[PDB]
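Protein chains in written order, with full-length UniProt numbering: chain C, 337 to 416; chain Y, 337 to 416.
Backbone N, C-alpha and C define an ideal beta-carbon position, used for all residues, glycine too.
2 protein chains.
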Amino acid sequence: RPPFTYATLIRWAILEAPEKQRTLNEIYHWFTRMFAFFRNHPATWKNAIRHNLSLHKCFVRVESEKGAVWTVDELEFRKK
Amino acid sequence: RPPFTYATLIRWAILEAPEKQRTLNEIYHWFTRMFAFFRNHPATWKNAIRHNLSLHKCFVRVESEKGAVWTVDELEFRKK
DNA sequence: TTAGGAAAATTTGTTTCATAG
DNA sequence: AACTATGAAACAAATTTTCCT
């Protein structure tokens, strides 16, 4: 359960730039976009994840390793 | 300013794990570690984020003919 | 084994908000 | 100042399938 540090979230947001760079302000915007989701989560969100996982083609269940897992299809994602 | 969608976040959670794949309940946790973080620090966020970029030296400022921007030095996270 | 129930997946159904005509 | 048509997204929920005792 390693929790989330500023350090990390910043890495994650910089790394979601088209170019692996972002302006302080864009970073706010990233944080803001995310603040703007976690309070406006529902009681059932586990329902919403199960749902999106089945529904979109970008998520594909494979069976390997410890148990059955979920993986992304970067291609299918790129079109949405 | 919009939320990110389930789909985006979910994609992310899948990716955090370096193996680019994770079970359902491994995702529920990523989501929690977020849920948590934002319940905790919804303070003067912005301010933190210049304090870190500067402090943690895995964050580096570079010049674009765009403008002055931040990148991560991935070779300077993990450890040294 | 084999149940039996619960967690995962999957499927349908409602409703909203945002776009081009 | 509709009205038409389209589609993402979120949410609820209803069934079926896998997985864990």
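Which bits of chain C does Y/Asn388 rub up against, with CB to CB less than 7 Å?
By 1-based counting over the second sequence, the position of residue 388 of chain Y is 52. For a Cβ distance threshold of 7 Å, residue set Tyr342, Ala343 and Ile346 of chain C lies close to Y/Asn388, ordered along the chain.
Under the three-state DSSP convention, the category C/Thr344 falls into:
In the first sequence, residue 344 of chain C corresponds to position 8, counting from 1. Look at C/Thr344 here: in three-state DSSP terms it is helix.
Below 8 Å on C-beta distance, what does residue 417 of chain Y contact in chain C?
A query on residue 417 of chain Y cannot be resolved here, the shown segment of chain Y reaching from 337 to 416 and no further.
In the DSSP assignment, find the unbroken alpha helix (DSSP H) run with Y/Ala404 in it and report its ends.
The residue given as residue 404 of chain Y occupies position 68 in the second sequence. If you look at Y/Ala404, you'll find it isn't in any alpha helix (DSSP H); it sits in the beta strand (DSSP E) that goes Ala404 to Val408.
Minimum length 4: unbroken alpha helix (DSSP H) runs contained in the segment 351-403 of chain C:
As far as the segment 351-403 of chain C is concerned, its whole alpha helix (DSSP H) runs of at least 4 residues are 360-371 and 382-391.
In whole angstroms, what separates the C-alpha of Y/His377 from that of Y/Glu401?
In the second sequence, the residue the question calls residue 377 of chain Y occupies position 41. In the second sequence, the residue the question calls residue 401 of chain Y occupies position 65. Near 34 Å, if we compare the C-alpha coordinates of Y/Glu401 and Y/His377.
Starting from the beta carbon of C/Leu411, find every residue of chain Y whose beta carbon is closer than 7 Å, and list them in chain order.
Counting from one through the first sequence, the residue named residue 411 of chain C turns up at place 75. Within 7 Å Cβ-Cβ: nothing; C/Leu411 doesn't reach chain Y, min ~12 Å.
Closest to C/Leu391 by CA distance: which of C/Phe340, C/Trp406 and C/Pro354 is it?
Within the first sequence, residue 391 of chain C is the residue found at index 55, counting from 1. The residue with the shortest Cα to Cα distance from C/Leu391 is C/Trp406.
Residues in the segment 360-380 of chain C with C-beta within 8 Å of chain Y's C-beta atoms, listed in sequence order?
For the segment 360-380 of chain C, which is checked against every Cβ of chain Y, the residues closer than 8 Å are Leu360, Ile363, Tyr364, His365, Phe367, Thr368, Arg369, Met370, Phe371, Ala372, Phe373, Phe374, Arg375, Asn376 and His377.
Applying a beta-carbon distance threshold of less than 8 Å, which residues of chain Y neighbour C/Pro354?
If you number the first sequence from 1, residue 354 of chain C lands on position 18. Going along chain Y, no residue has its Cβ under 8 Å from C/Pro354, so there is no contact; the nearest lies around 11 Å.
Nearest-angstrom Cβ-Cβ length linking residue 283 of chain C and Y/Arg337, presumed shorter than 8 Å
For residue 283 of chain C there is no data in the structure shown, the boundaries of chain C being 337 and 416.
In three-state DSSP terms, what is C/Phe413?
By one-based count along the first sequence, residue 413 of chain C stands at place 77. Helix, per DSSP.
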